[PDB]
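Scroll down for the structure; my scribbles are underneath it.
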Ligand SMILES: Nc1ncnc2c1ncn2[C@@H]1O[C@H](COP(=O)(O)OP(=O)(O)OP(O)(O)=S)[C@@H](O)[C@H]1O
Ligand SMILES: Nc1ncnc2c1ncn2[C@@H]1O[C@H](COP(=O)(O)OP(=O)(O)OP(O)(O)=S)[C@@H](O)[C@H]1O
Ligand SMILES: Nc1ncnc2c1ncn2[C@@H]1O[C@H](COP(=O)(O)OP(=O)(O)OP(O)(O)=S)[C@@H](O)[C@H]1O
Ligand SMILES: Nc1ncnc2c1ncn2[C@@H]1O[C@H](COP(=O)(O)OP(=O)(O)OP(O)(O)=S)[C@@H](O)[C@H]1O
Ligand SMILES: [Mg+2]
Ligand SMILES: [Mg+2]
Ligand SMILES: [Mg+2]
Ligand SMILES: [Mg+2]
């Protein structure tokens, strides 16, 4: 429902494309049963429509040699118009265009090779006799008096719109033909298909941008105001600017583009005028989209800035933003990677209010990007992109761009024998055969460019219950605390209770407190934000406490979300202990957390979870009803669960059939799940000491586990086990003395 | 494979040089079996190619008197063209150049001595009869009507390109002949051979700079984008600017050079124009390289800078950087020693993204520099440069330059008798004989200029296992933790384990924890970054915590790397102890380390190692699985290892045959390896008390060791030995209470 703009199917006038024989591109197909639906008439022009604007306007009709539900058409219309198969041509005629002084007439490429003379006469002139030219600017097709093809372009403008011309007219061949490059920048020009990884954010942009522009009567009918303020933001390199020029190409609205730096590089008293000129050009031209790219360049905080020409431009922009009446039909967009450095006044109601967040893409989204990049490359058969896309984490769209680049250049090194640098233009017997293998993507993925931007990430964890041995009651217990209130709202208001929003895990180390949290976030299919305690205490050597307020906020957009504060013992030991230097646990971040924890509605779909293995030093305030009032003690695994731990840890290993698991599980008593996973890691570490020596077979054996069990060491003491059972019994008391 | 651009061999047209008799340099050699490969024709011109551009274009062919695979040629072509032997002349003809108004005609040196008149007529005129002048500007050769040689230069330009001229023409002798200096600045001009110590960084510069320029079709073919943003950085004096003018001389691309200060010294509103003029001059001239030297002069952070003419130039540069379309074929380079003071916006994708790091050279690299400097000097026979290059550590390329200088000037002092300062031009009987001895390099290497830039260094240690007595299991044990995952990736994914990334050494003082780490970094041949704890705590009196984030980053470029945090006890005692003032160990840097330690992939090739001799105060958080979960206790040496310690410590000493080692080893019980090394140092301290007295023989004797053993003192207590065996047994428990 949030994607509902992607919906496009079932338009009667909407149909696919297929073969033509006719290499004079004047023609356009028909269909006999389709005209039955249509108004179509003999002669002049159709408006056929397609991807990314530009279209073809020329003579039409007679066909049906090829069958129908598909459209005949001249395969040059594929280099023009769309990319290729499967999409739609959209046709209605636009008849009887005006008769002018004739139009255009200039070549591009192959006319310069060979004998020219007066050109258009030499080759093309016989082609128009009483046919005369329904035409549009931008058509490039093959025509000759000769070897049977050369392409051709357009120059002159008598009117701006397209014509059906007459003779007696004056035209000119007097120009110079041209090179390719002007064509590629038409074909490389970006559409909605070059962006990948953001579906959810495009659905919000067309609802905000496109829909009010084309259909202003809608909001006018239900009586609602369109926002004029869209503000895009995200980390560097995430494709913000890219979504700009996509929407530039995809609109029927005049598009003006302001570069923040380009405004500031100007002289004083002048750059004040460039803005005033940009808001005047749009308002004149009916609907329009102004886009101010890199906004925080021109508008930082009036409280920290120096020059008076810097403070005007910010007060200049405010005075234009309020000069927008709905009558004008103008939408102002903007893009910034530092949304918190923007002047606060710009983000208030009536200026920039709607926000759209372009985030770091996840493993699905970054696969979609890798495919948009490499679709021009030639790849080997050993290339598994679903394998690559899994191995790149901190990478945003611009890193995958520089990843595909460092792999191609690694392939050019294996070829450095057959390339010379002393030669002028090298042979093409390598130029064709040079392809990119997976052995390269392993090399690029290990290099510098893997250095990438990495900060708070919000995603569904990949760990399911199947990764967790034992603990079957808490799995049951958690599902109630999280699923049912989010899944079944009817049950709770009925019986009159309000759900509780928070949970505290406690127990000995290594018993799975982290796994339980990531697991339930995957079952509810909610988002997961994880902040380890040592990260709370680090940032304040630079002294920024807004980063805690920023995390609760960030989880609010991501609702439904579980917000998991891990290793709370590290914060309560930030003083060293209860006796310690003599502080309590509450200081620093904890007072800022208990505050922000209370600003969240009990109806909220965000759900907080703590964890600590030091229940003695957690301060009384965290445990209050309304904060984390659900306490759950996770014990060491018993003997029957140690069976279940060992099994799940080995699901990725080539264990032998003869290894007897429940033999281990009952000889290991004070071990936690961290200890058993450590046994398995050494067992495989003794299997490799064979494997390399066995060279100078490969399935881990029953002897190795025997060997590992010797050194194995119990991580939880005999006194610890007891003491946890003291807090396991009553930690409610705690607070109050 | 990363060096693959150095590859140059097997070009058919590529061959060496050898003797000619012919002192009229118009000629150029041939070969009879080589022309069989060639197209070579009789008369006019060849393009012969060589080192650092400039070449010779003149008559060619007839030879074979001298044998082939070598080339005859006139030894003046050696002062021109290359330096000397062993390199290549590269030849193809460029026939039939145009017939002009004649060209040049002006002398340099020896014509001013003697009788001139009208010059060119007096001596050189008979030399051209129906031979007429295939020629190029820059040839300097011997010609006379007279004593049989004087050299000669070029002045006029009728066309820019070179000519085969005719008579009836008008030329002029009307200029004034000239001094040498204009020639030396041609010969001292810097090539790729003046730089030394960076091979790995040049391979990256030609892949980034040269290859896209000469061969833009390559990246166009495999469909990849060349970077326009190369940014060089490093400490002062490391030869950044030097790599600039090398690439200046070595390119066929127009080279423009911006000096940062020279931009800023200009008036306001003007220096804005000098940049705009510099990006316009390049774009006009096809491929081109703009180099902005000392970048951080013009572009510091827009958040800390004052004047508005300082903020324009930064927004001026941003607006030019984005005005670069690939069509332009321009690469913008830059150089800075303060990469973290550059405005953040310049380093984002699409502006300056590729980085190349010119580091402090190591002992090999600085030997290569010393040889590039002293190759003009006359050296004595006592000079061992491999000995000098070992003794200079904090020295970068510009210190070795000022080292070779302070040694030459020390040699001029021993000569101060035969030099007078009251004389005008001193005698040359010293001017020839003055040479540089090793007794000087000892003096220079002890002086001020040894004061040098010294900070974090990344290198393979010079200590191998042979330096370490005993500890044979940990040597085995370490190799698995480090080598096999880096050497044999096949074994680990097979059995399904992920390797663990970190190790914690603990034990009593002086037992070799430092040696074990440096040793395994040498065996894997990986890089070694060492940060002693007291260095973590010092910088924050200036309050900079980015230096911890900067160390993990720095180890990431250096992968494979071992990152060794030494003396962690000093950090955990930064409060004084557990009871202490009442803190825990975690504060300060430790919370910033545990954070940065987690941002490193388990697939990473960087490997972290800690060490502490105070296992009681290390905080629980370091030991968590995923951080340092491998604990290894290094015990005091037993009796059989104390034998092995004493032997390795003495490998550099003239021990007598009669000294009985295992006698010592069993009378020393509570001693650690630090204690035994201390015995050996006093034993040699008692040998020198003889040696000087023995003057008023030299091999250390068996008596001395007897004498030292008396005072020897046990550094580890009797209660310490026990207590370590308590933590040696269970330190896993630790965390959790
Ligand atoms: N989601 C995406 N899908 C496809 N390509 C992408 C995506 N994101 C980035 N790219 C590519 O990588 C480059 C990233 O540049 P942009 O996204 O335009 O810069 P940005 O996201 O505005 O970040 P800045 O400019 O540093 S604040 C673009 O040239 C794209 O070709
Ligand atoms: N019940 C369990 N089932 C499966 N694996 C477990 C279990 N308990 C612990 N482990 C293993 O122990 C490791 C750490 O588990 P966590 O969930 O991080 O434990 P924790 O409660 O966070 O305690 P620490 O101190 O952070 S190790 C994981 O790699 C798991 O494979
Ligand atoms: N790697 C090297 N090989 C040979 N000579 C070097 C090397 N590095 C420095 N030198 C010499 O020492 C001088 C160092 O100056 P540069 O390297 O040009 O300055 P820099 O490295 O840009 O440092 P700055 O200017 O203080 S940021 C040069 O004149 C070189 O002659
Ligand atoms: N096993 C050993 N073999 C050879 N030399 C040793 C050994 N143990 C200690 N030493 C000597 O002791 C000195 C210091 O050794 P380190 O490796 O620094 O010991 P450590 O574990 O760092 O303890 P400290 O407190 O730093 S001395 C070196 O000069 C070594 O020569
Ligand atoms: Mg941008
Ligand atoms: Mg954990
Ligand atoms: Mg410099
Ligand atoms: Mg040491």
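Residues displayed in chain B correspond, in order, to Swiss-Prot positions 12-707, 728-768.
The deposited model was determined using electron microscopy, 3.3 Å.
Quick reminder: no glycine exception, Cβ is built from N, Cα and C everywhere.
Sequence annotations record features per position, and here Swiss-Prot assigns ATP 1 binding site to B:247, B:248, B:249, B:250, B:251, B:252, B:253, B:348, B:384. Taking Cβ-Cβ distances under 8 Å and a sequence gap of 6 or more within the same chain, the neighbours of residue B:247 (ATP 1 binding site) are B:348, B:407, B:409, B:464. DSSP gives residue B:247 (ATP 1 binding site) a coil state; it is part of no helix or strand.
Sequence annotations record features per position, and here Swiss-Prot assigns ATP 2 binding site to B:521, B:522, B:523, B:524, B:525, B:526. Residue B:522 (ATP 2 binding site) falls within neither a helix nor a strand when secondary structure is assigned with DSSP, and so counts as coil.
Feature annotation from Swiss-Prot assigns SUMO2 cross-link to B:18. Around the Cβ of residue B:18 (SUMO2 cross-link), a 10 Å sphere holds 10 further Cβ atoms from the protein chains shown. Look at residue B:18 (SUMO2 cross-link): DSSP puts it in coil.
Here Swiss-Prot flags B:13 (among others) as phosphoserine. There are 11 other Cβ atoms within 10 Å of the Cβ belonging to residue B:13 (phosphoserine).
The annotation phosphoserine is assigned in Swiss-Prot to B:37 (among others) on the grounds of a large-scale study or a structure entry. Remark: residue B:37 (phosphoserine) has B:69, B:70, B:142, B:145 as non-local neighbours, by Cβ distance under 8 Å and separation of at least 6 in sequence.
In the three-state DSSP scheme, residue B:315 (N6,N6,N6-trimethyllysine) falls into the coil class. Marked as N6,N6,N6-trimethyllysine by Swiss-Prot on the basis of experimental evidence: B:315.
Around the Cβ of residue B:436 (phosphothreonine), the same chain contributes no residue under 8 angstroms that is 6 or more positions distant in sequence. The annotation phosphothreonine is assigned in Swiss-Prot to B:436.
Listed in sequence order, the same-chain residues six or more apart from residue B:462 (phosphoserine) with CB atoms under 8 A from its CB number zero; the list is none. Taken from Swiss-Prot, the feature phosphoserine applies to B:462 (among others).
Look at Swiss-Prot and you will find B:502 (among others) tagged as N6-acetyllysine, backed by similarity to another entry. DSSP gives residue B:502 (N6-acetyllysine) a helix state.
Non-local neighbourhood of residue B:505 (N6-acetyllysine): empty, since no residue in the same chain at least six residues away has a C-beta under 8 Å from its C-beta. Look at Swiss-Prot and you will find B:505 (among others) tagged as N6-acetyllysine, backed by similarity to another entry.
What Swiss-Prot records for B:668 (among others) is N6-acetyllysine, and it gives similarity to another entry as the kind of evidence. Residue environment of residue B:668 (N6-acetyllysine) contains 6 other Cβ atoms, counted within 10 Å of its Cβ in all protein chains.
The annotation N6-succinyllysine is assigned in Swiss-Prot to B:668 on the grounds of similarity to another entry. In the three-state DSSP reading, residue B:668 (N6-acetyllysine) counts as coil.
Its own atom aside, the Cβ of residue B:702 (phosphoserine) has 13 Cβ atoms within 10 angstroms in the protein chains shown. DSSP assigns residue B:702 (phosphoserine) to a helix. Positions annotated as phosphoserine by Swiss-Prot, on the basis of a large-scale study or a structure entry: B:702 (among others).
Around the Cβ of residue B:754 (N6-acetyllysine), 13 further Cβ atoms fall within 10 Å across all displayed protein chains. Taken from Swiss-Prot, the feature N6-acetyllysine covers B:754 (among others), and the record attributes it to similarity to another entry.
Counting neighbouring Cβ atoms within 10 Å of each of the recorded positions (B:251, B:315, B:502), the lowest count belongs to B:315. Among the binding-site residues B:384, B:524, the residue whose Cβ has the fewest other Cβ atoms within 10 Å is B:384. Here the recorded positions are B:18, B:37, B:251, B:502, B:505, B:523, and the ones sitting under 8 angstroms from chain A, going by CB atoms, are B:18, B:502, B:505. Long-range Cβ proximity for residue B:521 (ATP 2 binding site), meaning a same-chain Cβ under 8 A and a gap of 6 or more residues, is found for B:683, B:684, B:685, B:686, B:746, B:747. Look at the Cβ of each of the binding-site residues B:253, B:522, B:526 and count the other Cβ atoms within 10 Å; the largest number goes with B:522.
Neighbour list (residue B:525 (ATP 2 binding site), Cβ cut-off 8 Å, at least 6 residues apart, same chain): B:577, B:622. Calculated from their C-alpha atoms, the gap between residue B:18 (SUMO2 cross-link) and residue B:253 (ATP 1 binding site) amounts to 23 Å. Around residue B:249 (ATP 1 binding site), taking its Cβ as the centre, 23 other Cβ atoms fall within 10 Å, counting all chains. Ranked by CA distance from residue B:523 (ATP 2 binding site), the binding-site residues B:249, B:251, B:253, B:384 have B:249 at the top as the closest. For residue B:523 (ATP 2 binding site), the count of additional Cβ atoms within 10 Å of its Cβ stands at 23 [all protein chains shown].
Classification of residue B:436 (phosphothreonine) by DSSP places it in coil, neither helical nor stranded.
For ligand 5, there are no nearby recorded positions; that is, of B:521, B:522, B:702, B:754, none has a C-beta under 6 Å from one of its atoms. In terms of C-alpha distance, the listed recorded positions B:522, B:524, B:702 place B:524 closest to residue B:253 (ATP 1 binding site).
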